[PDB]
Amino acid sequence: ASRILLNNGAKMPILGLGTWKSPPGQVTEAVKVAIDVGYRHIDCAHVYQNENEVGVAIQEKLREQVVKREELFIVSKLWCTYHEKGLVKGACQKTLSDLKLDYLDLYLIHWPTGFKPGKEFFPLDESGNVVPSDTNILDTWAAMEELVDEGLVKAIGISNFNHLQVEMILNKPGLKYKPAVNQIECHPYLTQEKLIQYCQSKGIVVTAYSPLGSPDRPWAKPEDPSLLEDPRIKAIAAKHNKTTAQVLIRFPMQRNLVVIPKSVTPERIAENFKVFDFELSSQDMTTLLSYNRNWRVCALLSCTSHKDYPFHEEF
Ligand SMILES: NC(=O)c1ccc[n+]([C@@H]2O[C@H](COP(=O)([O-])OP(=O)(O)OC[C@H]3O[C@@H](n4cnc5c(N)ncnc54)[C@H](OP(=O)(O)O)[C@@H]3O)[C@@H](O)[C@H]2O)c1
Ligand SMILES: O=C(O)CN1C(=O)c2c(c(C(=O)O)cc3ccccc23)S1(=O)=O
Ligand SMILES: O=C(O)CN1C(=O)c2c(c(C(=O)O)cc3ccccc23)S1(=O)=O
Ligand SMILES: O=C(O)CN1C(=O)c2c(c(C(=O)O)cc3ccccc23)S1(=O)=O
């Protein structure tokens, strides 16, 4: 099966294309190529500042009848400065407008932390601390539920929520729609066994982000842990006649996760999709899980003083 059933009854492709740090002048071609080679899931966000260009690609392939809208699974995320109840619909509508869609398949709260609304995505006080919003995530969630009921989104979920935060939504008084997905960092150096087992046990599907360790993240050092260059992972890859990236993408698929590797390189977009013709053994899987070191590439460090900072909790 190339798709996983969500708790809203829809089927979500377990492989998608990520678009963080996809430059705007390259992402239209990247999404076009991805759709031509078989991808049906694109992961987007307003904060990435490239949704207009993603949308141009989607619209061209719809117009070309390469794909039907029904067959696509388009995901976007509500940024931190729009957690206020009265700003959620507008933010969604801006994303829809840019993507040139009339609905999203999934819309996520990007982070549990709300920030002061305004032009700035990371509003700072004069000492450099991020300025929080007093709007609690239960109220943001109610606003997300309204989007389902207005037909703008088919599913809602969360991202970078820890177990206590997931639990808070599942325990929300008068909860109407449960989160469909929790999108979190996951890779052999950050395997997330506790949080994944919890979410799956509640029927929330987990999407693994930065499955290659995000080597284009700002300031990445060669001397930092590198999944793509780990000789132990290379060794598994070679054993299977696959690339290290293909192993890194197949790994979460075999944990019943969704995975969203990013590329703007046509040959890599294509390579990255060639992950449905081999199987890692149970021993390969246990070996990859053993490389866990609790190493996080996306820790929102500028926001550790924020009330809802998610990564102080061990999971
Ligand atoms: N929810 C959130 O907070 C959150 C956080 C992080 C990520 N995400 C989503 O997850 C996606 C994936 O995470 P990520 O972008 O952080 O990093 P990633 O997918 O782990 O790594 C992307 C990097 O890997 C390179 N790459 C891709 N395929 C390769 C291959 N086959 N061989 C060698 N290098 C390859 C890409 O290079 P090129 O592009 O140059 O080919 C890019 O530099 C994001 O783009 C975003 O959609 C969401
Ligand atoms: O759900 C929709 O929006 C309509 N379609 C499906 O239900 C469906 C479709 C396809 C397909 O186009 O390839 C394959 C399906 C396979 C199994 C169940 C529903 C499948 S669909 O025509 O997109
Ligand atoms: O994504 C593809 O390349 C083709 N498929 C569909 O479009 C699709 C599929 C499924 C499924 O396999 O369960 C379910 C679908 C449900 C709704 C629309 C398209 C659905 S699919 O056969 O993977
Ligand atoms: O880029 C920003 O200004 C803010 N965020 C990041 O620092 C970040 C983000 C993502 C993502 O949301 O896809 C991925 C990151 C991967 C590695 C370091 C920082 C990553 S982000 O939430 O946009």
# chains A, B, ... in the order shown; residues from 1 in each chain; ligands from 1
>>> residues_near_ligand(ligand="ligand 4", cutoff="6 Å", atoms="only C-alpha atoms and all ligand atoms", output="list in words")
residues 20, 47, 48, 214, 217, 297 and 298 of chain A
>>> residues_near_ligand(ligand="ligand 2", cutoff="12 Å", atoms="only C-alpha atoms and all ligand atoms", output="VMD selection string")
chain A and resid 1 to 5 9 to 13 38 40 65 to 73 105 154
>>> closest_residue(among="A:248, A:31, A:150, A:200", to="residue 186 of chain A", atoms="only C-alpha atoms")
A:248
>>> residues_around(residues="residue 94 of chain A", least_positions_apart="4", cutoff="12 Å", atoms="only C-alpha atoms", output="list in words")
residues 45, 46, 47, 49, 51, 52, 55, 76, 77, 78, 79, 82, 87, 88, 89, 90, 98, 99, 100, 101, 102, 103, 104 and 152 of chain A
>>> write_last_selection(atoms="N, CA, C and O atoms", output="CSV table (one decimal), in the first residue's frame")
chain,number,residue,atom,x,y,z
A,45,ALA,N,4.1,25.1,3.5
A,45,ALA,CA,3.8,26.0,4.6
A,45,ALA,C,3.9,27.5,4.2
A,45,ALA,O,4.8,27.9,3.4
A,46,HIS,N,3.0,28.3,4.7
A,46,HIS,CA,3.1,29.7,4.5
A,46,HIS,C,4.4,30.3,4.9
A,46,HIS,O,5.0,31.1,4.2
A,47,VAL,N,5.0,29.8,6.0
A,47,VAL,CA,6.3,30.4,6.4
A,47,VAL,C,7.4,30.1,5.5
A,47,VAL,O,8.5,30.8,5.5
A,49,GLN,N,7.5,30.7,2.3
A,49,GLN,CA,7.5,31.8,1.4
A,49,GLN,C,7.6,31.4,-0.1
A,49,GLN,O,8.1,32.1,-0.9
A,51,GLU,N,4.8,29.2,-1.4
A,51,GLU,CA,3.6,28.5,-1.8
A,51,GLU,C,3.0,29.0,-3.1
A,51,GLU,O,2.4,28.2,-3.8
A,52,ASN,N,3.3,30.2,-3.5
A,52,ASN,CA,2.7,30.7,-4.8
A,52,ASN,C,3.3,29.8,-5.9
A,52,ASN,O,2.7,29.4,-6.8
A,55,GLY,N,2.1,26.3,-6.0
A,55,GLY,CA,0.8,26.3,-6.6
A,55,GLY,C,0.8,26.4,-8.1
A,55,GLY,O,0.0,25.8,-8.8
A,76,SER,N,-0.6,21.9,4.2
A,76,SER,CA,0.1,23.1,4.6
A,76,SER,C,-0.1,23.2,6.1
A,76,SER,O,-0.6,22.4,6.8
A,77,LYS,N,0.5,24.3,6.6
A,77,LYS,CA,0.6,24.6,8.0
A,77,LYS,C,0.3,26.0,8.4
A,77,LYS,O,0.7,26.9,7.6
A,78,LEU,N,-0.3,26.2,9.5
A,78,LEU,CA,-0.7,27.5,10.1
A,78,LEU,C,0.5,28.0,10.9
A,78,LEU,O,1.0,27.3,11.8
A,79,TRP,N,1.0,29.2,10.5
A,79,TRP,CA,2.2,29.7,11.2
A,79,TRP,C,1.9,30.2,12.6
A,79,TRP,O,0.7,30.5,12.9
A,82,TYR,N,-0.4,33.2,13.6
A,82,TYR,CA,-1.8,33.2,13.3
A,82,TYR,C,-2.6,32.3,14.2
A,82,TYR,O,-3.6,31.7,13.8
A,87,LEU,N,-7.7,34.8,13.3
A,87,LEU,CA,-6.7,34.9,12.2
A,87,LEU,C,-6.5,33.6,11.5
A,87,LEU,O,-5.9,33.5,10.4
A,88,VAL,N,-7.1,32.5,12.0
A,88,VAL,CA,-6.8,31.1,11.4
A,88,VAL,C,-7.5,31.0,10.0
A,88,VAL,O,-6.8,30.5,9.1
A,89,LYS,N,-8.7,31.4,9.9
A,89,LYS,CA,-9.3,31.2,8.5
A,89,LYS,C,-8.6,32.0,7.5
A,89,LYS,O,-8.3,31.5,6.4
A,90,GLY,N,-8.2,33.3,7.8
A,90,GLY,CA,-7.5,34.1,6.8
A,90,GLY,C,-6.2,33.5,6.4
A,90,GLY,O,-5.8,33.6,5.2
A,98,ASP,N,-2.6,31.0,-2.7
A,98,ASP,CA,-1.3,30.8,-3.2
A,98,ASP,C,-1.2,29.5,-3.9
A,98,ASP,O,-0.6,29.4,-5.0
A,99,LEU,N,-1.7,28.4,-3.3
A,99,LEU,CA,-1.6,27.1,-3.9
A,99,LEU,C,-2.5,26.9,-5.1
A,99,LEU,O,-2.4,25.9,-5.8
A,100,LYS,N,-3.4,27.8,-5.3
A,100,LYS,CA,-4.5,27.8,-6.3
A,100,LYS,C,-5.4,26.5,-6.1
A,100,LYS,O,-5.7,25.8,-7.1
A,101,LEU,N,-5.8,26.3,-4.9
A,101,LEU,CA,-6.7,25.2,-4.5
A,101,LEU,C,-7.9,25.7,-3.9
A,101,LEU,O,-7.9,26.8,-3.3
A,102,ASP,N,-9.0,24.9,-3.9
A,102,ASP,CA,-10.2,25.2,-3.1
A,102,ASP,C,-10.3,24.4,-1.9
A,102,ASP,O,-11.2,24.7,-1.1
A,103,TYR,N,-9.4,23.5,-1.6
A,103,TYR,CA,-9.3,22.8,-0.3
A,103,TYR,C,-7.9,22.3,-0.1
A,103,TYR,O,-7.2,22.0,-1.1
A,104,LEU,N,-7.5,22.1,1.1
A,104,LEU,CA,-6.3,21.4,1.5
A,104,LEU,C,-6.7,20.0,1.9
A,104,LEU,O,-7.7,19.8,2.6
A,152,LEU,N,-12.9,24.1,3.9
A,152,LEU,CA,-11.6,24.6,3.4
A,152,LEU,C,-10.5,23.5,3.5
A,152,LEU,O,-9.5,23.6,2.7
>>> residues_near_ligand(ligand="ligand 1", cutoff="8 Å", atoms="only C-alpha atoms and all ligand atoms", output="PDB file with C-alpha atoms, in the first residue's frame")
ATOM      1  CA  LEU A  17       7.811  15.977  -1.320  1.00  0.00           C
ATOM      2  CA  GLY A  18       9.054  18.497   1.222  1.00  0.00           C
ATOM      3  CA  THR A  19       9.467  22.159   0.307  1.00  0.00           C
ATOM      4  CA  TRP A  20      11.243  23.923   3.217  1.00  0.00           C
ATOM      5  CA  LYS A  21      14.217  25.811   1.770  1.00  0.00           C
ATOM      6  CA  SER A  22      13.147  24.971  -1.759  1.00  0.00           C
ATOM      7  CA  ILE A  42       3.361  17.786  -1.331  1.00  0.00           C
ATOM      8  CA  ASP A  43       4.239  19.257   2.068  1.00  0.00           C
ATOM      9  CA  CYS A  44       3.917  23.046   2.171  1.00  0.00           C
ATOM     10  CA  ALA A  45       3.817  25.991   4.585  1.00  0.00           C
ATOM     11  CA  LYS A  77       0.615  24.562   8.027  1.00  0.00           C
ATOM     12  CA  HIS A 110       2.999  24.218  12.531  1.00  0.00           C
ATOM     13  CA  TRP A 111       4.190  24.551  16.130  1.00  0.00           C
ATOM     14  CA  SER A 159       3.277  19.395  14.195  1.00  0.00           C
ATOM     15  CA  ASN A 160       6.094  19.474  16.776  1.00  0.00           C
ATOM     16  CA  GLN A 183       4.380  15.759  11.946  1.00  0.00           C
ATOM     17  CA  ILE A 184       7.667  15.501  13.847  1.00  0.00           C
ATOM     18  CA  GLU A 185      11.407  15.220  13.234  1.00  0.00           C
ATOM     19  CA  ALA A 208       8.585  12.008   9.681  1.00  0.00           C
ATOM     20  CA  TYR A 209      10.273  15.220   8.705  1.00  0.00           C
ATOM     21  CA  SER A 210      13.971  15.842   7.950  1.00  0.00           C
ATOM     22  CA  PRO A 211      14.414  12.112   7.302  1.00  0.00           C
ATOM     23  CA  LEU A 212      17.842  12.786   5.762  1.00  0.00           C
ATOM     24  CA  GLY A 213      18.902  15.048   8.655  1.00  0.00           C
ATOM     25  CA  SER A 214      18.284  18.283   6.706  1.00  0.00           C
ATOM     26  CA  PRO A 215      21.813  18.753   5.412  1.00  0.00           C
ATOM     27  CA  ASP A 216      20.902  22.157   3.806  1.00  0.00           C
ATOM     28  CA  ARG A 217      19.780  23.629   7.122  1.00  0.00           C
ATOM     29  CA  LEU A 228      23.925  10.501   4.478  1.00  0.00           C
ATOM     30  CA  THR A 243      21.362   4.646  -2.086  1.00  0.00           C
ATOM     31  CA  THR A 244      21.766   5.793   1.518  1.00  0.00           C
ATOM     32  CA  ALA A 245      18.922   8.267   0.949  1.00  0.00           C
ATOM     33  CA  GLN A 246      16.598   5.417  -0.241  1.00  0.00           C
ATOM     34  CA  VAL A 259       7.869  10.562   5.163  1.00  0.00           C
ATOM     35  CA  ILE A 260       8.525  13.801   3.306  1.00  0.00           C
ATOM     36  CA  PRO A 261      12.120  14.148   2.001  1.00  0.00           C
ATOM     37  CA  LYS A 262      12.889  17.513   0.365  1.00  0.00           C
ATOM     38  CA  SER A 263      14.737  17.944  -2.919  1.00  0.00           C
ATOM     39  CA  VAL A 264      14.880  20.470  -5.738  1.00  0.00           C
ATOM     40  CA  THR A 265      17.266  18.307  -7.770  1.00  0.00           C
ATOM     41  CA  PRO A 266      15.333  16.362 -10.488  1.00  0.00           C
ATOM     42  CA  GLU A 267      17.536  13.258 -10.285  1.00  0.00           C
ATOM     43  CA  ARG A 268      17.170  13.122  -6.504  1.00  0.00           C
ATOM     44  CA  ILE A 269      13.420  13.722  -6.602  1.00  0.00           C
ATOM     45  CA  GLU A 271      15.732   8.592  -6.832  1.00  0.00           C
ATOM     46  CA  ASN A 272      13.866   9.349  -3.604  1.00  0.00           C
ATOM     47  CA  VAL A 297      18.225  19.449  13.764  1.00  0.00           C
ATOM     48  CA  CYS A 298      15.008  21.488  14.171  1.00  0.00           C
TER      49      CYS A 298
END
>>> select_by_dssp(residues="segment 20-233 of chain A", states="helix (DSSP H, G or I)", output="number ranges by chain")
A: 24-37, 46-48, 51-63, 69-71, 80-82, 85-99, 137-150, 163-170, 193-201, 227-229, 231-233
>>> residues_around(residues="segment 23-29 of chain A", least_positions_apart="2", cutoff="6 Å", atoms="only C-alpha atoms", output="list in words")
residues 21, 31, 32, 50, 53, 54 and 57 of chain A
>>> residues_around(residues="residue 304 of chain A", least_positions_apart="2", cutoff="12 Å", atoms="only C-alpha atoms", output="PyMOL selection string")
chain A and resi 113+129-132+299-302+306-313
>>> select_by_dssp(residues="segment 87-253 of chain A", states="strand (DSSP E)", output="PyMOL selection string")
chain A and resi 106-109+156-159+181-185+205-209
>>> write_last_selection(atoms="N, CA and C atoms", output="tab-separated table (two decimals), in the first residue's frame")
chain	number	residue	atom	x	y	z
A	106	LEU	N	-4.82	18.36	4.10
A	106	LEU	CA	-4.46	18.39	5.53
A	106	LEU	C	-3.92	19.74	5.92
A	107	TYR	N	-4.36	20.28	7.04
A	107	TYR	CA	-3.81	21.53	7.52
A	107	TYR	C	-3.33	21.34	8.95
A	108	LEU	N	-2.05	21.65	9.21
A	108	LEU	CA	-1.45	21.44	10.50
A	108	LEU	C	-1.18	22.73	11.27
A	109	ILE	N	-1.29	22.66	12.60
A	109	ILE	CA	-0.70	23.71	13.43
A	109	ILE	C	0.82	23.52	13.39
A	156	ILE	N	-7.41	17.99	9.73
A	156	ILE	CA	-6.56	18.87	10.51
A	156	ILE	C	-5.61	18.05	11.37
A	157	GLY	N	-4.44	18.61	11.65
A	157	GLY	CA	-3.46	18.02	12.51
A	157	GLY	C	-2.51	19.00	13.17
A	158	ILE	N	-1.45	18.44	13.74
A	158	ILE	CA	-0.49	19.20	14.53
A	158	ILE	C	0.92	18.84	14.10
A	159	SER	N	1.87	19.65	14.55
A	159	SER	CA	3.28	19.39	14.19
A	159	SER	C	4.16	19.90	15.33
A	181	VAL	N	-2.87	13.77	12.12
A	181	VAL	CA	-1.44	13.61	11.95
A	181	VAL	C	-0.74	14.46	13.01
A	182	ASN	N	0.40	13.96	13.43
A	182	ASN	CA	1.42	14.72	14.10
A	182	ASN	C	2.73	14.59	13.30
A	183	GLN	N	3.17	15.71	12.74
A	183	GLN	CA	4.38	15.76	11.95
A	183	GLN	C	5.55	16.18	12.82
A	184	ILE	N	6.55	15.30	12.92
A	184	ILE	CA	7.67	15.50	13.85
A	184	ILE	C	8.97	15.11	13.18
A	185	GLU	N	10.07	15.62	13.68
A	185	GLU	CA	11.41	15.22	13.23
A	185	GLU	C	11.63	13.74	13.52
A	205	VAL	N	-1.67	9.45	12.86
A	205	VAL	CA	-0.57	9.08	11.98
A	205	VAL	C	0.57	10.07	12.17
A	206	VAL	N	1.78	9.53	12.23
A	206	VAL	CA	2.99	10.31	12.35
A	206	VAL	C	3.65	10.46	10.97
A	207	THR	N	4.00	11.70	10.64
A	207	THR	CA	4.81	12.05	9.50
A	207	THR	C	6.21	12.42	9.99
A	208	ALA	N	7.19	11.76	9.38
A	208	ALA	CA	8.58	12.01	9.68
A	208	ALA	C	9.15	13.10	8.77
A	209	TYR	N	9.57	14.17	9.43
A	209	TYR	CA	10.27	15.22	8.70
A	209	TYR	C	11.79	15.14	8.86
>>> residues_around(residues="residue 250 of chain A", least_positions_apart="4", cutoff="8 Å", atoms="only C-alpha atoms", output="count of residues only")
6
>>> closest_residue(among="A:144, A:60, A:83, A:139", to="residue 114 of chain A", atoms="only C-alpha atoms")
A:83
>>> atom_distance(atom1="atom CA of residue 167 of chain A", atom2="atom CA of residue 7 of chain A")
16.2 Å
>>> closest_residue(among="A:39, A:273, A:278, A:295", to="ligand 3", atoms="only C-alpha atoms and all ligand atoms")
A:39
>>> atom_distance(atom1="atom 3 (O, counted along the ligand's line) of ligand 3", atom2="atom CA of residue 34 of chain A")
11.7 Å
>>> atom_distance(atom1="atom 11 (C, counted along the ligand's line) of ligand 3", atom2="atom CA of residue 14 of chain A")
10.4 Å
>>> residues_around(residues="residue 163 of chain A", least_positions_apart="4", cutoff="10 Å", atoms="only C-alpha atoms", output="PDB file with N, CA, C and O atoms, in the first residue's frame")
ATOM      1  N   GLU A 167      -1.803  15.109  24.159  1.00  0.00           N
ATOM      2  CA  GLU A 167      -2.809  14.723  25.167  1.00  0.00           C
ATOM      3  C   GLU A 167      -3.765  15.861  25.465  1.00  0.00           C
ATOM      4  O   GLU A 167      -4.957  15.660  25.629  1.00  0.00           O
ATOM      5  N   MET A 168      -3.266  17.084  25.514  1.00  0.00           N
ATOM      6  CA  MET A 168      -4.142  18.222  25.801  1.00  0.00           C
ATOM      7  C   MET A 168      -5.214  18.347  24.733  1.00  0.00           C
ATOM      8  O   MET A 168      -6.365  18.647  25.042  1.00  0.00           O
ATOM      9  N   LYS A 194       9.098   6.700  21.843  1.00  0.00           N
ATOM     10  CA  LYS A 194       8.013   6.988  22.789  1.00  0.00           C
ATOM     11  C   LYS A 194       6.858   7.781  22.166  1.00  0.00           C
ATOM     12  O   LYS A 194       5.670   7.440  22.303  1.00  0.00           O
ATOM     13  N   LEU A 195       7.205   8.873  21.491  1.00  0.00           N
ATOM     14  CA  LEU A 195       6.132   9.713  20.974  1.00  0.00           C
ATOM     15  C   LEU A 195       5.396   9.034  19.833  1.00  0.00           C
ATOM     16  O   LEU A 195       4.174   9.127  19.745  1.00  0.00           O
ATOM     17  N   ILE A 196       6.102   8.340  18.945  1.00  0.00           N
ATOM     18  CA  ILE A 196       5.397   7.615  17.880  1.00  0.00           C
ATOM     19  C   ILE A 196       4.484   6.554  18.461  1.00  0.00           C
ATOM     20  O   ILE A 196       3.343   6.419  18.009  1.00  0.00           O
ATOM     21  N   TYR A 198       2.972   6.442  21.265  1.00  0.00           N
ATOM     22  CA  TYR A 198       1.809   7.114  21.824  1.00  0.00           C
ATOM     23  C   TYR A 198       0.829   7.581  20.750  1.00  0.00           C
ATOM     24  O   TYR A 198      -0.370   7.284  20.805  1.00  0.00           O
ATOM     25  N   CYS A 199       1.369   8.331  19.781  1.00  0.00           N
ATOM     26  CA  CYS A 199       0.440   8.838  18.754  1.00  0.00           C
ATOM     27  C   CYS A 199      -0.262   7.705  18.019  1.00  0.00           C
ATOM     28  O   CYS A 199      -1.475   7.744  17.804  1.00  0.00           O
ATOM     29  N   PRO A 310       8.004  22.878  22.923  1.00  0.00           N
ATOM     30  CA  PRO A 310       7.715  21.448  23.059  1.00  0.00           C
ATOM     31  C   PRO A 310       8.832  20.519  23.476  1.00  0.00           C
ATOM     32  O   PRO A 310       8.556  19.373  23.861  1.00  0.00           O
ATOM     33  N   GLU A 313      10.169  18.575  27.539  1.00  0.00           N
ATOM     34  CA  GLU A 313       9.608  17.268  27.837  1.00  0.00           C
ATOM     35  C   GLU A 313      10.457  16.173  27.190  1.00  0.00           C
ATOM     36  O   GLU A 313      10.716  16.317  25.978  1.00  0.00           O
ATOM     37  N   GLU A 314      10.884  15.116  27.881  1.00  0.00           N
ATOM     38  CA  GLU A 314      11.707  14.123  27.172  1.00  0.00           C
ATOM     39  C   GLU A 314      11.004  13.538  25.939  1.00  0.00           C
ATOM     40  O   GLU A 314      11.696  13.112  25.002  1.00  0.00           O
ATOM     41  N   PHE A 315       9.680  13.511  25.905  1.00  0.00           N
ATOM     42  CA  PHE A 315       8.966  13.259  24.654  1.00  0.00           C
ATOM     43  C   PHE A 315       7.567  13.872  24.719  1.00  0.00           C
ATOM     44  O   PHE A 315       7.147  14.378  25.783  1.00  0.00           O
TER      45      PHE A 315
END
>>> decode(residues="segment 135-186 of chain A", atoms="C-alpha atoms", output="tab-separated table (two decimals), in the first residue's frame")
chain	number	residue	atom	x	y	z
A	135	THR	CA	-4.10	32.28	22.69
A	136	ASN	CA	-4.03	28.67	23.94
A	137	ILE	CA	-3.77	25.78	21.67
A	138	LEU	CA	-7.22	24.45	22.61
A	139	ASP	CA	-8.69	27.67	21.16
A	140	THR	CA	-6.52	27.42	18.07
A	141	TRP	CA	-7.73	23.84	17.65
A	142	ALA	CA	-11.38	24.93	17.80
A	143	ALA	CA	-10.57	27.36	15.00
A	144	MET	CA	-8.95	24.57	12.99
A	145	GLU	CA	-12.11	22.47	13.47
A	146	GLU	CA	-14.15	25.31	11.93
A	147	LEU	CA	-12.08	24.98	8.73
A	148	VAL	CA	-13.21	21.35	8.35
A	149	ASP	CA	-16.80	22.43	8.79
A	150	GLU	CA	-16.47	25.27	6.25
A	151	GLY	CA	-15.00	22.93	3.65
A	152	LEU	CA	-11.59	24.60	3.39
A	153	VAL	CA	-9.67	21.55	4.67
A	154	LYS	CA	-10.44	17.83	4.68
A	155	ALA	CA	-8.27	17.01	7.71
A	156	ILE	CA	-6.56	18.87	10.51
A	157	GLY	CA	-3.46	18.02	12.51
A	158	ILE	CA	-0.49	19.20	14.53
A	159	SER	CA	3.28	19.39	14.19
A	160	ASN	CA	6.09	19.47	16.78
A	161	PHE	CA	3.65	18.64	19.59
A	162	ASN	CA	5.06	16.62	22.43
A	163	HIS	CA	3.09	13.90	24.22
A	164	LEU	CA	1.60	16.26	26.83
A	165	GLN	CA	0.51	18.64	24.11
A	166	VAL	CA	-1.05	15.87	22.03
A	167	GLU	CA	-2.81	14.72	25.17
A	168	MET	CA	-4.14	18.22	25.80
A	169	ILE	CA	-5.93	18.21	22.45
A	170	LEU	CA	-7.26	14.66	22.90
A	171	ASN	CA	-8.61	15.80	26.25
A	172	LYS	CA	-10.04	19.11	25.00
A	173	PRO	CA	-13.53	19.62	26.34
A	174	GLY	CA	-15.98	19.28	23.43
A	175	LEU	CA	-13.34	18.02	21.01
A	176	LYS	CA	-15.03	17.66	17.58
A	177	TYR	CA	-12.22	16.37	15.30
A	178	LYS	CA	-9.20	14.52	16.59
A	179	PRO	CA	-5.84	15.44	15.06
A	180	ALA	CA	-5.19	13.23	12.01
A	181	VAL	CA	-1.44	13.61	11.95
A	182	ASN	CA	1.42	14.72	14.10
A	183	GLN	CA	4.38	15.76	11.95
A	184	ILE	CA	7.67	15.50	13.85
A	185	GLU	CA	11.41	15.22	13.23
A	186	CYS	CA	12.37	11.57	12.83
